[PDB]
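Residue-level structural notes
In case you want the letters, here they are:
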Amino acid sequence: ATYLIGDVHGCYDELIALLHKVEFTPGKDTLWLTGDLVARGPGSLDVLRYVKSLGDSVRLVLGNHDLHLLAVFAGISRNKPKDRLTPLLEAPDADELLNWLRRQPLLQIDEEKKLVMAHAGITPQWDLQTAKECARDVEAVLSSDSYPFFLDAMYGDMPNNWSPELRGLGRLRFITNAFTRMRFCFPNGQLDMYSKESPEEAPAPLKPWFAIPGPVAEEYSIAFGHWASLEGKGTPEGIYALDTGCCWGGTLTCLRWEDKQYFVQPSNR
Ligand SMILES: [Mn+2]
Ligand SMILES: [Mn+2]
């Protein structure tokens, strides 16, 4: 069976309880995770240890909090107390865990399922080939010995409009923002990097990225996390918003792909 779970955010107890609910069995089953494995919840260290141990039985995409953790580890960014990352950062296996984390994808594609996953979704300004090329380019910098320089460059809110002509710092910043921070788009597909509210509460003319017809969404189902204020609701056919806000006192959501059956684990907080 194929199971897809939204943002875990250090909620190790809820993750394990949900996996036990579906009797997740590596070797028989595969788990997809939308990223944001870490921060806010208490168990970021246990989450990363467990997810790394799954190997080929897990398909991860990196989220914005996963990248922030790497930036803190590399001395690029300051540690915020509310993220509760210190047990992980001080762990004796931190190097092992974080060198694994930075090698994981930004994009997962299963052609037999016609299924795409990224943390925030797929901008309507990208076709599949462009999304693949952009994921490869950022995965390449994150996997390299020079990854702290990219982590420092990634912070920024511009450019917010895709073009194949983009180059340099702006190109990687857009790619990072599209995969890991996207929520709202202007009508022409341009990213808005400020509004984090639910679609009904956003100011015009902002619309969800998934409300703008895009070539990937027209051919593939898209699963994503990230947008907790969406509460996993309000999406069109073929769009699966799996982040139901577990670390916020919401729920952790698991979707089984074969029958589109949902399983929910209440927050312990
Ligand atoms: Mn999140
Ligand atoms: Mn996120």
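Residues numbered from 1 in each chain as written, not as in the entry; some residues may be left out. Chains lettered and ligands numbered in written order. Heavy atoms only, no water. Residues with missing side-chain atoms left out of burial classes, pairs and counts.

- If you check the header, you'll see the entry was determined by X-ray crystallography and the resolution is listed as 1.50 Å.

1. Some details on the sheet that holds strand β3 (residues 58-60)
- The mixed open sheet is built from five strands, whose spatial order is β3-β2-β1-β11-β12. The open sheet has two free edges, formed respectively by β3 and β12 (261-266), since each of these has just one partner strand. Within the sheet, the average angular offset between the axes of one strand and its neighbour, ignoring direction, is 20°.
- Against the sheet, helix α1 (residues 12-21) contacts β1 (2-5), β2 (30-33), β11 (251-256) and β12, and its axis sits at roughly 140° relative to β12. (Pairing = 2+ DSSP bridges. Helix = DSSP H or I, 4+ residues; strand = E, 2+ residues; numbered from the N terminus. Axes fitted to C-alpha atoms, helices over the stretch in contact; angles between N-to-C directions. Contact = heavy atoms within 4.5 Å.)

2. A closer look at the pattern of salt bridges
- If you walk through the whole model with that rule in mind, you get 10 salt bridges.
- Put simply, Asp-110 and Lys-113 hold a salt bridge, and the shortest N to O gap is 2.8 Å.
- For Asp-259, the salt bridge goes to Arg-256, with nearest N and O atoms at 2.9 Å.
- The network of salt bridges with common partners includes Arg-59, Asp-110 and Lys-113. (Salt bridge = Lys/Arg side-chain N within 4 Å of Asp/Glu carboxyl O.)

3. Side note on the coordination of the manganese ion (ligand 2)
- Coordination of the manganese ion (ligand 2) by the protein comes from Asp-36 (OD), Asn-64 (OD1), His-119 (NE2) and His-226 (ND1), over a distance range of 2.1 to 2.4 Å.
- Taken as an interatomic distance, the gap from the manganese ion (ligand 2) to the manganese ion (ligand 1) is 3.5 Å; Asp-36 donates to each of them. One end of the pair, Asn-64, is in helix α3 (residues 64-73); the other, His-226, is in the loop between β9 (221-224) and β10 (239-241), and 162 residues separate them in sequence.
- Judged by relative accessible area, which is 23%, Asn-64 ranks as partly exposed. (Donors = N, O, S within 2.8 Å, 3.2 Å for Na, K, Ca; no water. Buried < 20%, exposed > 50% of the residue type's maximum accessible area, 1.4 Å probe, protein only.)

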